[PDB]
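Input: a single structure, listed below in structure tokens.
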Amino acid sequence: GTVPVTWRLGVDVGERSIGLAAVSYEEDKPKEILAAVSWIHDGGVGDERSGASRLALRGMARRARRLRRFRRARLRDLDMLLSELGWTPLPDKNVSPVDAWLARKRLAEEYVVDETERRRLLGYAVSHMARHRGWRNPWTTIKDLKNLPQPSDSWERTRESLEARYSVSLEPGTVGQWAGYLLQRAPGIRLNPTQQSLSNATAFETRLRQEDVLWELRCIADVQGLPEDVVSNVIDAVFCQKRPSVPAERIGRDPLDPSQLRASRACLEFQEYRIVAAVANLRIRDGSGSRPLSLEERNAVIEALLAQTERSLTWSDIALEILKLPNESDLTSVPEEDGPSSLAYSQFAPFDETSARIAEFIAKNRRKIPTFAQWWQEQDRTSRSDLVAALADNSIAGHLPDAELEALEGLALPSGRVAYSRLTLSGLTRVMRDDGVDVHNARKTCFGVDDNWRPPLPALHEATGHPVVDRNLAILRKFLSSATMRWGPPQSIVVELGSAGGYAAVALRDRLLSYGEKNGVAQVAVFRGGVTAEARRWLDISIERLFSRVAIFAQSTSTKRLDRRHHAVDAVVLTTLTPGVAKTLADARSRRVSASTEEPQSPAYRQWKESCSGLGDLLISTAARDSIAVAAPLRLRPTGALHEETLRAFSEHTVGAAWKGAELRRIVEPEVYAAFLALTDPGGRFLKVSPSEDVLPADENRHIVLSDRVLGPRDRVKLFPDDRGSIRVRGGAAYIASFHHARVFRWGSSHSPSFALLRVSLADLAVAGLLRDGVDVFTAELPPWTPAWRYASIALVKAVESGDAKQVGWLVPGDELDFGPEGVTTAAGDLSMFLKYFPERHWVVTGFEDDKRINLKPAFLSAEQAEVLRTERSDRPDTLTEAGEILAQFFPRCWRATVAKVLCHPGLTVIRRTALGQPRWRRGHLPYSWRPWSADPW
RNA sequence: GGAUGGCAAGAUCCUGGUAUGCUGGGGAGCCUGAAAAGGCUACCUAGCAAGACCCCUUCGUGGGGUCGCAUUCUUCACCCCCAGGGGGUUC
DNA sequence: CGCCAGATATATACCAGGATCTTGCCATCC
DNA sequence: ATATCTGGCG
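Position in the first sequence (from 1) plus 6 gives the number in the numbering used here.
Have a look at this one:
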């Protein structure tokens, strides 16, 4: 099913863009531009302000959820404990604002005598402290919090500042005490600071630490005389904090045994493996050499490295101080099978890092470690191996003496993971020692692998977790699968990168090399990071002329970034490059910028031009027939923020009062909403009212019959705060999220119909319960109470209630509006003078401003270039072309078009592209392009 | 230009916490007001996506145990990759 | 009052340290 | 950057 042709793939990776091109070569010149499209992705950013990524927002929301749940959990565990302890927490409703604080201060100043009344105040104070327990290093334990400066310097520092400003010192004094006083003298003072952006004096500088809070907790137990048993348990309960840990899914897999995770660097299996593998690859000059080490000599040097407690033995010392070899150069090492060989004799040989650090800790703190010193002396390393892997797994989760363990945390162990698992290291070590065999051949002996084999390269169908690299990668492999099915696999692949992009180079390249070693691609080249612009501007290929575009700045300049199609043409020109040719071009580039300068010319470059002279004309041909396409991937998966995060207070409106259109849309209860829906039209399905106009009179005796109960004219119904699409969450009102998509309805004559939009949000899908599997999210009648219908166009809702309006298509943020050679005809206002300078026919949907308008930006222009322009005219005016002023005033809002004045083009086609940047016309399972004018519903 | 040792810096996330914010329930103090009922500054408490399941059931119509804003062509379909995952779909 | 066009409202900000990566620098050996 | 808001406009 594949038409085989000789072609090469070109990739120009951008920060928010990726230009892809397939160019066929007859031997040996480019003839036909098979595909050339620049996809405009988002760089993986979720919040455009403070550019945090989508995944970051998910994880922050995710951990926020578990924090609340663990906080709920641990607070209830404390309450269950202090139940049998006899105490009483603060009730929520009716207590004094300062009950907990007065407690925390009284118990530390006065000893209350009566035992029963002491219990109630004990409960109040501990409840609030558990609700406000302060910060501490989560990696530490509760007993470690006990062994801290109590109180801290920062807390004493804060207390000194307050004494100087308000001229008062409080014995002793704890933090609970100071709060209850400072709210009295200068009322309205805030305890801990915060900023949400004027004139006030605050009470504290820094956050309170759990060590300072524990200081107050231990003082009160002293003053009130509490037994150790009760006080030790309640301290361990209020400061109970889950100990952080790495998940088992985020440790890499062993490439040799994917059933086991990578071992820790501090592992003893690892230290021995490194030393045993290094010696098995050593060779000694025996002639006319060389030969591997004799079994005896190998064992002798291994043990000398294992025993040392410092990294002193070098490779020169290995050859001389141990084997007594005559010269240092008589011993070498090889890192590949029968391959080149070197060895820095001044560099140090490996040693057992973990055992040496264990040695230094026992040698320094043997008093803290007497039993383990005696123990670890004669214990063999077969047990130490399991022990140290446990040490790595306790220092991150994931016989032991408790008394000793607490002092064992002042030892610094090797952090980080290593390539292989623990059992893989152990097995490879035994075979390199027992059969005297290479590491590369130890693989073959243990695990079925040919010799040699490099660890498998990451694939195209595997992510990197880095958001900008994964956006680029996703578009890339889709384009390549489409190209490899539509055409043959390429001859070469050339890639260009515009710093951060550093990971992207290695990740994309090594993934592409797996592709090539799988499909059979000869040459795979990457470049950093400006070879493609020179390749153009040395063949008279300037994109400001390739598409007829106006100048922008007062001085004439190359408007490279202006048109988003350049990424694709850069991809096209890269198909003519090979590593040697690209650098010999970049070198010439450097030779001009320094000083002189004369020409170009080299057998590689004259060959290039003779083969590449033709592209000067193909891009002209391709731009004329408009073959270069801008595309944006579509977001269809109905996941994301369901509603804005601000909870809001309801309004209320009595049943008997007068109702206006705005008040009826705002009715919260869906069943009460349907009640008033009948009271405005008994035979109507939808609300046909316009706000700011009464539609029901002030019936003194208005009633609403409901399945639950009927409300009298004195009863009140809850209303949302504002006449805008909202829902109810957890007893509050929340605005809808931004619109997931839009449904395109139409009615009227065939030859002159009226269209309008129904703006569908993620909130709509939730309350309509349309998030279950097996739902089409774009085509499913949304109940009339959903906010989509509540704020639809009044003309739209009148025609659909009349059976006249039918769903004809759907639009989504990012798809294309091609008005054809007809162009924008209903031009008016600032748009008119816009098209005189930027004759744009392709537009992209960015938003849905109201129930009657749709937001469009031009498909070919970049926001970043014109945003610079907007900042340009406000600080240095007169330094732009008249077209510059046009474009600067245009882009902030771009186009705010009335949907009726848009979809009325017969005329227009909304395009949905393939990966190759070609429009879908077939009504396949994938989304496809259609015409709003003549589209019909099945 | 390759090999090796070491150092330093940055990126992407992940885990567990803090402090606020908003809404509800509250009331310490205060200001506009003849009021009457607010709103002004703070503080106590509960929750912080909607929800889909589980688990234990002593059947409490209820307790605790997770998932829930990423993977940009949902749902349906058919070609792949190693019994669930991961991919691609040419106009 | 209808319709633009500019203005405005969105939860936010920290903490230590694991896992996964990349650069930049120094040096010694083919 | 988007869907609202307000205010000035005719």
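Note that the Cβ used here is the ideal one computed from N, Cα and C, for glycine as well.
Take residue i and list the residues in its own chain whose beta-carbon comes closer than 7 Å to its own, dropping the five residues that flank it on each side.
{"i": "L40", "result": "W13, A28, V29, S30 and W493"}
{"i": "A635", "result": "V43, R919 and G923"}
{"i": "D569", "result": "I549, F553, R555, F866 and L867"}
{"i": "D53", "result": "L63"}
Compare the C-alpha of residue i against each of the options and name the closest.
{"i": "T792", "options": "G754, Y679, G820 and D336", "result": "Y679"}
{"i": "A448", "options": "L274, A743 and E343", "result": "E343"}
{"i": "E699", "options": "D358, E873 and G667", "result": "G667"}
{"i": "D516", "options": "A465, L417 and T590", "result": "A465"}
{"i": "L717", "options": "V695, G689, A681 and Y934", "result": "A681"}
{"i": "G535", "options": "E54, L683 and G504", "result": "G504"}
{"i": "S352", "options": "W795, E222, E359 and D323", "result": "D323"}
{"i": "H134", "options": "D782, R125 and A106", "result": "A106"}
{"i": "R191", "options": "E177, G179 and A209", "result": "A209"}
{"i": "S744", "options": "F751, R752, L771 and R720", "result": "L771"}
{"i": "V905", "options": "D884, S799, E828 and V806", "result": "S799"}
{"i": "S713", "options": "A663, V244 and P676", "result": "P676"}
{"i": "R22", "options": "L642, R567 and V773", "result": "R567"}
{"i": "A811", "options": "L262, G780, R937 and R749", "result": "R749"}
{"i": "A395", "options": "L274, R631, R730 and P898", "result": "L274"}
{"i": "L642", "options": "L189, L96, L932 and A170", "result": "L932"}
How big is the Cα-Cα spacing for residue i and residue j?
{"i": "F761", "j": "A903", "result": "13 Å"}
{"i": "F354", "j": "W321", "result": "6 Å"}
{"i": "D687", "j": "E669", "result": "16 Å"}
{"i": "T200", "j": "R112", "result": "29 Å"}
{"i": "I626", "j": "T877", "result": "33 Å"}
{"i": "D392", "j": "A365", "result": "18 Å"}
{"i": "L84", "j": "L91", "result": "10 Å"}
{"i": "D942", "j": "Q813", "result": "8 Å"}
{"i": "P697", "j": "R125", "result": "59 Å"}
{"i": "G829", "j": "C910", "result": "12 Å"}
{"i": "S251", "j": "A629", "result": "56 Å"}
{"i": "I547", "j": "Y509", "result": "30 Å"}
{"i": "residue 3", "j": "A207", "result": "The structure shown does not extend to residue 3, since the chain spans only 7 to 944, so no value can be given for it."}
{"i": "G16", "j": "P496", "result": "10 Å"}
{"i": "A637", "j": "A489", "result": "16 Å"}
{"i": "residue 3", "j": "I402", "result": "In the structure as shown, the chain begins at 7 and stops at 944. Residue 3 is therefore absent and cannot be evaluated."}
{"i": "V229", "j": "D98", "result": "28 Å"}
{"i": "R691", "j": "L817", "result": "25 Å"}
Please return the same chain residues whose Cβ sits closer than 8 Å to the Cβ of residue i, not counting the five positions on each side in sequence.
{"i": "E327", "result": "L319"}
{"i": "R268", "result": "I257, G258, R259, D260, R423, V424, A425, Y426 and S427"}
{"i": "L331", "result": "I290, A325 and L337"}
{"i": "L886", "result": "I558, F559, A560, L875, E878, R879 and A894"}
{"i": "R137", "result": "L81"}
To which residues of the same chain is residue i closer than 6 Å at the C-beta, ignoring the five residues directly before and after it?
{"i": "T435", "result": "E278, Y279 and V282"}
{"i": "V532", "result": "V501, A511 and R515"}
{"i": "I24", "result": "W45, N478 and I481"}
{"i": "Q529", "result": "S498"}
{"i": "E38", "result": "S30"}
{"i": "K35", "result": "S617 and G620"}
Subject >> Any 3 or more C-beta pairs closer than 8 Å across the segment 694-703 and the segment 730-737 >> reply: no
Original post:
Counting pairs of Cβ atoms below 8 Å between the segment 847-861 and the segment 879-897, do you hit three or more?
Top reply: no
Subject >> Minimum length 4: unbroken alpha helix (DSSP H) runs contained in the segment 152-231 >> reply: 159-172, 181-191 and 216-230
Subject >> Unbroken stretches of the alpha helix (DSSP H), 4 residues or longer, contained in the segment 410-446 >> reply: 428-440
Original post:
Is the number of C-beta pairs between the segment 332-347 and the segment 281-300 that are closer than 8 Å three or more?
Top reply: yes
Original post:
What are the start and end residues of each continuous alpha helix (DSSP H) run of 4 or more residues lying completely inside the segment 329-411, in chain order?
Top reply: 359-370, 376-384, 387-400 and 408-411
Original post:
Should the segment 298-316 be called in touch with the segment 446-461, which here means at least 3 C-beta pairs below 8 Å?
Top reply: no
Original post:
When the Cβ atoms of the segment 213-225 are set against those of the segment 151-163, are three or more pairs found closer than 8 Å?
Top reply: yes
Subject >> Segment contact, 8 Å Cβ cut-off, at least three pairs: the segment 360-374 with the segment 403-416 >> reply: yes
**OP:** Inspect the CB distances between the segment 585-600 and the segment 611-620 and report whether three or more fall short of 8 Å.
**Re:** yes
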